[PDB]
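Quick look at input-v9.txt (compact mmCIF, N, CA and C atoms and all ligand atoms):
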```txt
# COMPACT_ATOMS: atom_id res chain seq x y z
N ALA V 1 -23.54 -47.85 -6.49
CA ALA V 1 -23.65 -49.33 -6.71
C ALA V 1 -22.96 -50.09 -5.58
N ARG V 2 -23.46 -51.28 -5.25
CA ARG V 2 -22.81 -52.12 -4.25
C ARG V 2 -21.71 -52.92 -4.94
N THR V 3 -20.46 -52.59 -4.64
CA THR V 3 -19.34 -53.18 -5.36
C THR V 3 -18.48 -53.90 -4.37
N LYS V 4 -17.58 -54.74 -4.87
CA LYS V 4 -16.52 -55.33 -4.05
C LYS V 4 -15.26 -55.45 -4.81
N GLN V 5 -14.14 -55.32 -4.12
CA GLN V 5 -12.80 -55.35 -4.72
C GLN V 5 -12.55 -54.24 -5.74
N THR V 6 -13.19 -53.07 -5.58
CA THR V 6 -12.89 -51.96 -6.50
C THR V 6 -11.97 -50.93 -5.87
N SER E 229 -16.08 -68.25 -0.64
CA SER E 229 -15.74 -66.91 -1.21
C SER E 229 -15.14 -66.97 -2.64
N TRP E 230 -13.90 -67.42 -2.67
CA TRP E 230 -13.05 -67.33 -3.84
C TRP E 230 -13.70 -68.09 -5.01
N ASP E 231 -14.28 -69.26 -4.72
CA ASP E 231 -14.81 -70.12 -5.75
C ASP E 231 -16.32 -69.91 -6.05
N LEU E 232 -16.94 -68.87 -5.49
CA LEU E 232 -18.40 -68.68 -5.55
C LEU E 232 -18.72 -68.16 -6.96
N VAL E 233 -19.58 -68.88 -7.68
CA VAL E 233 -19.98 -68.43 -9.04
C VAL E 233 -21.33 -67.74 -8.99
N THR E 234 -21.37 -66.50 -9.51
CA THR E 234 -22.62 -65.73 -9.58
C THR E 234 -22.81 -65.06 -10.91
N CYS E 235 -21.71 -64.65 -11.53
CA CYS E 235 -21.81 -63.88 -12.78
C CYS E 235 -22.30 -64.75 -13.94
N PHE E 236 -22.87 -64.12 -14.98
CA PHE E 236 -23.34 -64.90 -16.12
C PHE E 236 -22.23 -65.54 -16.93
N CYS E 237 -20.98 -65.18 -16.67
CA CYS E 237 -19.88 -65.86 -17.33
C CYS E 237 -19.60 -67.24 -16.74
N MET E 238 -20.27 -67.57 -15.65
CA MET E 238 -20.18 -68.88 -15.02
C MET E 238 -18.78 -69.12 -14.41
N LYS E 239 -17.98 -68.04 -14.22
CA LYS E 239 -16.65 -68.15 -13.59
C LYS E 239 -16.72 -67.49 -12.18
N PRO E 240 -15.87 -67.95 -11.26
CA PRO E 240 -16.01 -67.53 -9.86
C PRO E 240 -15.58 -66.05 -9.60
N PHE E 241 -15.90 -65.56 -8.38
CA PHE E 241 -15.39 -64.31 -7.88
C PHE E 241 -13.86 -64.17 -8.03
N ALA E 242 -13.09 -65.10 -7.42
CA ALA E 242 -11.64 -65.17 -7.59
C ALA E 242 -11.01 -63.83 -7.34
N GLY E 243 -11.56 -63.09 -6.38
CA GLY E 243 -10.93 -61.79 -6.01
C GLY E 243 -11.07 -60.63 -6.95
N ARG E 244 -11.87 -60.83 -8.01
CA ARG E 244 -11.98 -59.87 -9.10
C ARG E 244 -12.96 -58.78 -8.71
N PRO E 245 -12.78 -57.57 -9.20
CA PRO E 245 -13.85 -56.50 -8.95
C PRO E 245 -15.23 -56.95 -9.49
N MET E 246 -16.26 -56.74 -8.67
CA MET E 246 -17.62 -57.12 -9.03
C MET E 246 -18.58 -56.06 -8.59
N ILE E 247 -19.75 -56.08 -9.19
CA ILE E 247 -20.79 -55.05 -8.97
C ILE E 247 -22.12 -55.76 -8.94
N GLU E 248 -23.02 -55.35 -8.03
CA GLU E 248 -24.28 -56.07 -7.84
C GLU E 248 -25.32 -55.39 -8.70
N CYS E 249 -26.01 -56.18 -9.52
CA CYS E 249 -27.14 -55.64 -10.31
C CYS E 249 -28.27 -55.08 -9.35
N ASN E 250 -28.71 -53.85 -9.58
CA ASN E 250 -29.79 -53.28 -8.77
C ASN E 250 -31.19 -53.92 -9.00
N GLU E 251 -31.38 -54.63 -10.12
CA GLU E 251 -32.66 -55.28 -10.37
C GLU E 251 -32.81 -56.77 -10.05
N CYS E 252 -31.75 -57.54 -10.29
CA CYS E 252 -31.76 -58.95 -9.98
C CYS E 252 -30.79 -59.34 -8.86
N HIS E 253 -30.03 -58.36 -8.37
CA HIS E 253 -29.16 -58.52 -7.17
C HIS E 253 -28.11 -59.58 -7.35
N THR E 254 -27.72 -59.80 -8.61
CA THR E 254 -26.64 -60.73 -8.94
C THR E 254 -25.31 -59.99 -8.97
N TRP E 255 -24.29 -60.60 -8.37
CA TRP E 255 -22.93 -60.04 -8.47
C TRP E 255 -22.32 -60.40 -9.86
N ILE E 256 -21.88 -59.37 -10.57
CA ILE E 256 -21.33 -59.49 -11.92
C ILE E 256 -19.92 -58.94 -11.94
N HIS E 257 -19.01 -59.60 -12.68
CA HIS E 257 -17.65 -59.03 -12.76
C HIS E 257 -17.69 -57.71 -13.54
N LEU E 258 -16.93 -56.73 -13.08
CA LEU E 258 -16.79 -55.46 -13.83
C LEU E 258 -16.42 -55.71 -15.28
N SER E 259 -15.47 -56.62 -15.51
CA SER E 259 -15.04 -56.85 -16.92
C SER E 259 -16.16 -57.36 -17.77
N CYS E 260 -16.94 -58.30 -17.23
CA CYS E 260 -18.05 -58.86 -17.97
C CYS E 260 -19.11 -57.82 -18.30
N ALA E 261 -19.30 -56.90 -17.37
CA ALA E 261 -20.29 -55.84 -17.50
C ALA E 261 -19.79 -54.69 -18.37
N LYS E 262 -18.54 -54.74 -18.83
CA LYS E 262 -17.96 -53.60 -19.61
C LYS E 262 -17.89 -52.27 -18.82
N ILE E 263 -17.47 -52.38 -17.57
CA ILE E 263 -17.32 -51.25 -16.62
C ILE E 263 -15.89 -51.10 -16.20
N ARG E 264 -15.36 -49.87 -16.22
CA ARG E 264 -14.00 -49.60 -15.72
C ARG E 264 -14.02 -49.31 -14.24
N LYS E 265 -12.97 -49.75 -13.56
CA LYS E 265 -12.81 -49.49 -12.14
C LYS E 265 -12.90 -47.99 -11.81
N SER E 266 -12.38 -47.17 -12.71
CA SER E 266 -12.35 -45.72 -12.53
C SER E 266 -13.67 -45.00 -12.88
N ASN E 267 -14.63 -45.73 -13.43
CA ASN E 267 -15.89 -45.13 -13.85
C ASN E 267 -17.09 -46.05 -13.61
N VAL E 268 -17.31 -46.36 -12.34
CA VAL E 268 -18.41 -47.20 -11.91
C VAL E 268 -19.70 -46.37 -11.87
N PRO E 269 -20.78 -46.89 -12.46
CA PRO E 269 -22.03 -46.14 -12.45
C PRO E 269 -22.60 -46.10 -11.00
N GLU E 270 -23.39 -45.09 -10.66
CA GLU E 270 -24.01 -45.13 -9.33
C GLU E 270 -25.18 -46.13 -9.22
N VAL E 271 -25.84 -46.43 -10.33
CA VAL E 271 -26.82 -47.50 -10.38
C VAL E 271 -26.43 -48.44 -11.50
N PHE E 272 -26.39 -49.74 -11.20
CA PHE E 272 -25.98 -50.73 -12.19
C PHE E 272 -27.12 -51.67 -12.45
N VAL E 273 -27.46 -51.83 -13.73
CA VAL E 273 -28.42 -52.84 -14.16
C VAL E 273 -27.75 -53.75 -15.24
N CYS E 274 -27.76 -55.07 -14.99
CA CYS E 274 -26.98 -55.99 -15.79
C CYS E 274 -27.65 -56.22 -17.14
N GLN E 275 -26.90 -56.77 -18.08
CA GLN E 275 -27.36 -56.95 -19.45
C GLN E 275 -28.56 -57.87 -19.50
N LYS E 276 -28.56 -58.92 -18.70
CA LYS E 276 -29.72 -59.84 -18.68
C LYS E 276 -30.99 -59.14 -18.28
N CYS E 277 -30.89 -58.22 -17.32
CA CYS E 277 -32.05 -57.49 -16.86
C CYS E 277 -32.51 -56.49 -17.94
N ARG E 278 -31.54 -55.82 -18.56
CA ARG E 278 -31.80 -54.88 -19.67
C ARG E 278 -32.47 -55.52 -20.92
N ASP E 279 -32.22 -56.81 -21.14
CA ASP E 279 -32.81 -57.55 -22.27
C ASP E 279 -34.24 -58.03 -21.99
N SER E 280 -34.86 -57.52 -20.91
CA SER E 280 -36.16 -58.00 -20.34
C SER E 280 -36.08 -59.36 -19.66
ZN ZN R 301 -18.22 -62.64 -15.18
ZN ZN R 302 -29.68 -58.03 -13.35
```
Translate this structure into structure tokens?
Ligand SMILES: [Zn+2]
Ligand SMILES: [Zn+2]
Amino acid sequence: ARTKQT
Amino acid sequence: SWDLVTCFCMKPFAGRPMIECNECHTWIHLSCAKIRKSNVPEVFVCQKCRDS
């Protein structure tokens, strides 16, 4: 998945 | 950045963990999506997309 801030 | 609203909760990014729906390409907060930081799915489809 394209995530941010993980 | 910080104030950008995309999630269905209508609240901003605000530095929070987010995940992009693979079907509608909307950024959703992990908390809103009921996803743990330690167990992110490899493909994510958001609740709105799942409801047709
Ligand atoms: Zn949200
Ligand atoms: Zn979606």
Report task. Could you tell me, counting all atoms listed in the file, which protein and nucleic acid residues lie no more than 6 Å from ligand ZN 302 (chain R), written as JSON, numbers by chain? Result -> {"E": [249, 250, 251, 252, 253, 254, 273, 274, 275, 276, 277, 278]}
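Near ligand ZN 301 (chain R), at distances of 8 Å or less and with only N, CA and C atoms and all ligand atoms counted, sit the residues residues 234, 235, 236, 237, 238, 239, 240, 241, 255, 256, 257, 258, 259, 260 and 261 of chain E.
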Query raised in the report: What does the distance between atom N of residue 267 in chain E and atom C of residue 245 in chain E come to in Å, to one decimal place?
Result: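 Atom-to-atom, atom N of residue 267 in chain E to atom C of residue 245 in chain E, that is 11.9 Å.
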Report task. Kindly determine which residues of chain E lie within 8 Å of chain V, considering only C-alpha atoms, and give the answer as a list in words. Result -> residues 243, 244, 245, 246, 247, 248, 250, 265, 268, 269, 270, 271 and 272 of chain E
**Report entry** All strand (DSSP E or B) residues (DSSP, backbone) inside chain E, as a list in words
**Finding:**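 The strand (DSSP E or B) subset of chain E is residues 233, 240, 246, 247, 248, 255, 256 and 257 of chain E.
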Query raised in the report: What does the distance from atom C of residue 233 in chain E to atom C of residue 266 in chain E come to in Å, to one decimal?
Result: 24.3 Å
Query - Point-to-point distance from CA of residue 232 in chain E to atom C of residue 264 in chain E, Å rounded to tenths - result: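 Computing the Euclidean distance for CA of residue 232 in chain E and atom C of residue 264 in chain E yields 21.7 Å.
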